[PDB]
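Spelled out from the first residue to the last, the chains are:
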Amino acid sequence: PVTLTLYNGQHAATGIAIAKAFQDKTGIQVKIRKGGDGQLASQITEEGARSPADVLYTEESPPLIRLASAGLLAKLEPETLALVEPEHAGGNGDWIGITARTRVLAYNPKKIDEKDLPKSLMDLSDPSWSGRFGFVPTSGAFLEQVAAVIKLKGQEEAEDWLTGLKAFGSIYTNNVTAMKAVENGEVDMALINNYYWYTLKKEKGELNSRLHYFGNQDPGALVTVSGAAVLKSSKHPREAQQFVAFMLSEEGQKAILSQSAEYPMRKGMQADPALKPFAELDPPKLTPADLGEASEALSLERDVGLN
Ligand SMILES: [Ga+3]
C-alpha cells in the first residue's frame, strides 16, 4: 500500500518511463505530478512540511541547487552518490545527476549552409544574424546558457550578448516550437537542447533539419545536468532513496534513455549510438556547481526584459 509521489520536471514521457520501470522492479506505485522545474521547486517550498513530494526530478540543476541551499533535500545514501562522478552530484550529497543534455544549434540546410553557420555562440549578437535564428528565453537550459556566458565572458560581455539576442533573435515559447520552426523553414536556425532533434527524427524519420555542435569549449557547447533528489519531508524515505538509486542503475538509465536522447550519468555507461559521443562534445569546463542557482543570469534576463 505504498505510493511514491514524483514531482516530474523532466519531460513527461521520460518521467512516465522511469516510474513504470520502478514499479515493475519493486511493485511500488508512483504517482506523477508533472510541471516545470522552477514551478515544482516553488510548489514544494510553499507546500512546506506537508508536501506530498517524495522525489523531485528536474531537467536542469539550478532548481536542485536552490532547494539544497534552502535546506529541503535529504542526504542521499553514499552508495547512490558513488554511481556518478563527483562533479555530477550536489556538493552536500543531497541531489544527484541522472542524465546530461547539451546545447546545440539546430539549422535548416535549405536556408543556411553548414559552412556559413556562426563560429561561436557569441557571434549571434552580431547584426548579420538578425531575423535568422530562434531561441527560448523561458527555457531552463537557456537560463543556464546565460549563466555560462556570464561565467566565461563576464557580466558586461554577457549583457551585450543578450542585448544582441533580444534585438536580432526570434523568441519561441519552448524548445519544441523552436525545433519545429527550424524543421519547417520558418527560421533558419535555433538554439535548443540536443534531445529534441532525436525525438523529431524518431517521430518523422527523414528530417530537413540538422544539428550543429559548437564544440571547441565554446559557451554554446554547454552541457547541463538533469538531476534528482529525495525530499526531507518524505514519509517514505527508504522507498524514495530506492527510487533515486534505481534511476542510476543500468535498467533505470536505459528506461530514461528509451524516451530521451540524453547522456547517462551512471559511470561507465554509453549513450544511444545515434548520439554524438560525450567525449567529442568538447564542452566548456563548467560544472553544475559553477552555474549554481543561475541568479546572476536570471537577474540579467529580467534586466533585458526577456524572462
Ligand atoms: Ga527540455
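For each chain, numbering restarts from 1 and follows the sequence as written, which can differ from how the entry numbers it; residues lacking coordinates are not listed. Hydrogens and waters are ignored; side-chain quantities use all the structure's heavy atoms. Residues with missing side-chain atoms are left out of burial classes, side-chain pairs and their counts.

**Student:** It is not clear to me how the domain arrangement of the protein should be interpreted in this structure. Could you clarify?
**Tutor:** By a widely used convention, the size of an interface equals the accessible area lost when the partners come together. Start and end positions for the domains come from either an automated domain assignment or a database one. Domain assignment breaks the protein into domain 1 (1–101 + 224–275) and domain 2 (102–223 + 276–307). Measuring from the centre of the C-alpha atoms in domain 1 to the corresponding centre in domain 2 gives 25 Å. The contact rule is simple, with two residues in contact once any of their heavy atoms fall within 4.5 Å. The interface is formed by 19 residues belonging to domain 1 together with 21 residues belonging to domain 2. When two parts are put together, the accessible area they lose, computed with a 1.4 Å probe and summed over both, is reported as buried area. Its largest share of buried area at the contact with domain 2, domain 1 owes to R101, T224 and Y263, together 32% of the area lost on that side. Salt bridges are defined as contacts in which a side-chain nitrogen from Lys or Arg sits within 4 Å of a carboxyl oxygen from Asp or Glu. Taken together, domain 1 and domain 2 are joined by zero salt bridges. Polar contacts here mean pairs of N or O atoms no more than 3.5 Å apart (in protein, one a potential hydrogen donor and the other a potential acceptor; neighbouring residues in sequence count only if both atoms are side-chain atoms). On the surface where domain 1 and domain 2 come into contact, there are eight residue pairs in polar contact.

**Student:** What is the right way to look at the UniProt feature "binding site: Fe cation" (unreviewed entry) in the protein in this model?
**Tutor:** UniProt positions are given in the numbering used here, feature names are shortened, and annotations may be inferred rather than shown by experiment. In this structure's numbering, the residues bearing the UniProt feature "binding site: Fe cation" (unreviewed entry) are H11, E59, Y195 and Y196. Over a stretch of 186 residues, the named residues converge on one spot in the fold, their C-alpha atoms separated by at most 12.9 Å. Apart from residues no more than four positions distant in its own chain, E59 is found in contact with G9, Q10, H11, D37, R101, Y195, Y196, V225 and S226. Here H11 takes part through its side chain, which lies 2.9 Å from a polar atom of the side chain of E59. Relative to the helices and strands, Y196 resides in helix α8 (residues 195–204). To qualify as a helix, a DSSP run of H or I must reach at least 4 residues; to qualify as a strand, a run of E must reach at least 2; elements of each kind are numbered from the N terminus.

**Student:** Looking at this structure, how should I read unusual backbone geometry?
**Tutor:** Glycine aside, the phi torsion of most residues is negative, and most peptide linkages are trans. Not every positive phi belongs to a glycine, and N216 is a case in point at roughly 60 degrees. Position of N216 relative to the elements: it lies in the loop between β8 (210–212) and β9 (223–230). We note that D282 has phi near 45 degrees; this positive angle belongs to a residue other than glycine. Mapped onto the fold, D282 is located in the loop between β10 (263–264) and α11 (288–291).

**Student:** I would appreciate a short explanation of a positive patch on the surface in the present structure.
**Tutor:** Patch definition: residues above 30% relative accessible area lacking any salt bridge, with like charges linked at up to 9 Å and the nonpolar side chains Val, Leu, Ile, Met, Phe, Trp and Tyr linked at up to 5 Å. For the accessible areas, the method is Shrake-Rupley and the probe is 1.4 Å, while residue cover comes only from the protein chains on display. For the charge count, each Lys or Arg is scored as positive and each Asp or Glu as negative, with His and the chain ends excluded. Think of each charge as sitting on NZ of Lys, CZ of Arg, CG of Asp or CD of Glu. On the surface, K110, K201, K202 and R210 cluster together to form a positively charged patch. Of note, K110 is situated in the loop between β4 (96–107) and β5 (133–135). The cut-offs for exposure are 20% and 50% of the maximum accessible area for each residue type, with area from a 1.4 Å probe on protein chains only; residues under the lower value are buried, those over the upper are exposed, and the others partly exposed. The class of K110 is exposed, set by a relative accessible area of 72%.

**Student:** Even after reading the chapter, I still don't get the packing of helix α5 (residues 140–153) against helix α6 (residues 155–168), so can you show me in this structure?
**Tutor:** In a packed pair of helices, the relevant descriptors are the angle between the two axes and the axis-to-axis distance. As a packed pair, α5 and α6 sit with axes 7 Å apart at the nearest point and diverge in direction by 140 degrees. For the element pair α5 / α6, the angle class is oblique. Judged by the sense of rotation from one axis to the other, the crossing of α5 with α6 is right-handed. For the pair α5 and α6, the contacting residues are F142, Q145, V146, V149, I150 and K153 in the first and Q155, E157, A158, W161, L162 and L165 in the second. Across the contact of α5 with α6, the residue classes break down as eight nonpolar, two polar and two charged. The convention used is that axes are lines fitted to C-alpha atoms, helices contributing only their stretch in contact, and that angles between N-to-C directions extend from 0 to 180 degrees. Each angle gets one of four labels, with under 35 degrees taken as roughly parallel, over 145 as roughly antiparallel, 65 to 115 as roughly perpendicular, and the rest as oblique. Handedness of a crossing follows from how the near helix is turned relative to the far one, being left-handed for an anticlockwise turn of less than a right angle and right-handed for a clockwise one. In the scheme used here, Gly and all other residues not listed as nonpolar or charged are polar, with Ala, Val, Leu, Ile, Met, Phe, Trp, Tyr, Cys and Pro taken as nonpolar and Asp, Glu, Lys and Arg as charged.

**Student:** Teacher, can you tell me more about the pattern of salt bridges here?
**Tutor:** Where charged atoms from two side chains of opposite charge come close, those side chains can pair. Per the counting criterion, the structure on display carries nine salt bridges. Of the charged contacts in the structure, one is a salt bridge between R101 and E59, with a shortest N-O distance of 3.1 Å. Highlighted residues: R101 in strand β4 and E59 in the loop between β3 (55–57) and α3 (62–70), separated in sequence by 42 residues. Neither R101 nor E59 differs from the other in exposure class; each is buried. In this structure, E262 engages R101 in a salt bridge whose closest nitrogen and oxygen atoms are separated by 2.9 Å.

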